[PDB]
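Structural characterization, general
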Amino acid sequence: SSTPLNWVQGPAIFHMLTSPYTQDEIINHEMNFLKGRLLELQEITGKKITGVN
Amino acid sequence: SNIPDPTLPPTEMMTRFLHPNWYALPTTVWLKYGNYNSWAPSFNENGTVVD
Amino acid sequence: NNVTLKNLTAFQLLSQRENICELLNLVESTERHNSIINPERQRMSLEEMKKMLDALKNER
Amino acid sequence: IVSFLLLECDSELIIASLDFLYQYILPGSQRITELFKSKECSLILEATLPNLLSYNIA
Amino acid sequence: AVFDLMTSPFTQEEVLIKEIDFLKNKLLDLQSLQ
């Protein structure tokens, strides 16, 4: 292979049980998911984040 | 077992069930700019299903 | 006041069916067509137009 | 666009109009002349800009 | 959450860093919305 590739376990994609098509419930559950995933990844990596609330 | 007796409430299944066919799709917004502001954008239709 | 998929499809289908049933002349919509035209309202509006025109004519 | 400036209850629209006018009169002076050639634009700017200075600052 | 095995000229570390950046910006935007 002229371009060496790697096996990359990709990023977690947000998946809600009931998709309500409006932005209110979506934004609530999405903020929760974002904070949770940021915490998980900060635990995985040797780094820190700013603005996590 | 932990299964309760069939005579203990509640006893209904679809008490808080919502089918996607009623999920309140997005539509126009209908902004209101004062009273004498007629040269103003009245709608805001960005992610609407119908015009 | 709320719009769901069911409401939208029902509204569109109702409009289509009304139009087609009107094509075959299977519907009598005199009440709607005369509440929208409202010939009494037509006469009232015409007399109002005449009065406003006379007012503008006589101010000179 | 200057009429858009004349509104009051939409900060984002006012900022967009002001950014457009800034980018308009920015390169030189002939565009300033073309802008103030119109009497309506001149009057609206003259009546609006000082009041936009004291916009929502109590 | 869903994880999809993929392939790219990057490494796991750079991908995680890009994910951190994107998620941080998105959370900042969602917070600024309210």
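Residues numbered from 1 in each chain as written, not as in the entry; some residues may be left out. Chains lettered and ligands numbered in written order. Part of a larger assembly, values for the part shown. Heavy atoms only, no water.

1. What to know about the interface of chain C and chain B
Each side of the interface is counted separately: chain C has six residues, and chain B has seven residues. Across the interface of chain C and chain B, roughly 580 Å² is buried in total on both sides, 71% from carbon and sulfur atoms. Interface area lost by chain C to chain B is led by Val 3, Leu 5 and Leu 8 of chain C, which between them contribute 59%. The tally of links between chain C and chain B comes to zero salt bridges. Taken together, the connections running from chain C to chain B amount to two residue pairs in polar contact. Of the residues contributing to the side of chain C that touches chain B, the split by class is three nonpolar, two polar and one charged. (Contact = heavy atoms within 4.5 Å. Buried area = accessible area lost by both parts, 1.4 Å probe. Salt bridge = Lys/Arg side-chain N within 4 Å of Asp/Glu carboxyl O. Polar contact = N/O pair within 3.5 Å; in protein donor to acceptor, adjacent residues only side chain to side chain. Nonpolar A, V, L, I, M, F, W, Y, C, P; charged D, E, K, R; others polar.)

2. A closer look at a nonpolar patch on the surface
Taken together, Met 13, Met 14, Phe 17, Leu 18 and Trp 22 of chain B make up a surface patch of nonpolar side chains, about 620 Å² in accessible area. On the basis of relative accessible area, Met 14 of chain B is assigned to the exposed category, the value being 64%. (Patch = residues over 30% accessible without salt bridge, like charges linked within 9 Å, V, L, I, M, F, W, Y side chains within 5 Å. Areas by Shrake-Rupley, 256 points an atom, 1.4 Å probe, with all protein chains shown as cover. Buried < 20%, exposed > 50% of the residue type's maximum accessible area, 1.4 Å probe, protein only.)

3. A look at the pattern of salt bridges
Working definition: two side chains of opposite charge can pair if their charged atoms are close together. Throughout the structure, instances matching the rule amount to four salt bridges over all chains. The closest approach of N and O atoms between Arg 37 of chain A and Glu 40 of chain A, which form a salt bridge, is 3.3 Å. With a gap of three residues between them, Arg 37 of chain A and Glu 40 of chain A both fall in helix α1 (residues 23-44), about one helical turn apart. Assessed through its relative accessible area of 44%, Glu 40 of chain A is described here as partly exposed. One network of salt bridges, with partners in common, ties together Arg 37 and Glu 40 of chain A together with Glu 19 of chain E. (Helix = DSSP H or I, 4+ residues; strand = E, 2+ residues; numbered from the N terminus.)

4. Topic: the interface of chain A and chain E
Where interface size is given, it is often the accessible area lost as the parts come together that is meant. Residue-level contacts link 26 residues of chain A with 24 residues of chain E. Buried surface at the junction of chain A and chain E, both sides included, amounts to about 2600 Å², of which 68% is carbon and sulfur. One can count two salt bridges joining chain A with chain E. Joining chain A to chain E, the criterion identifies ten residue pairs in polar contact. Counting residues per element, the ones that place at least two in the side of chain A that touches chain E are β1 (6-9) and α1 of chain A. If you tally residues by element for the side of chain A that touches chain E, the top one is α1 of chain A, at ten residues. Here the side of chain A that touches chain E is composed, by residue class, of 14 nonpolar, nine polar and three charged. Bridging between β1 of chain A and strand β1 (residues 5-8) of chain E involves four bridges; their strand directions are antiparallel. Bridge pairing in β1 of chain E links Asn 6 of chain A to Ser 8 of chain E. (Pairing = 2+ DSSP bridges.)

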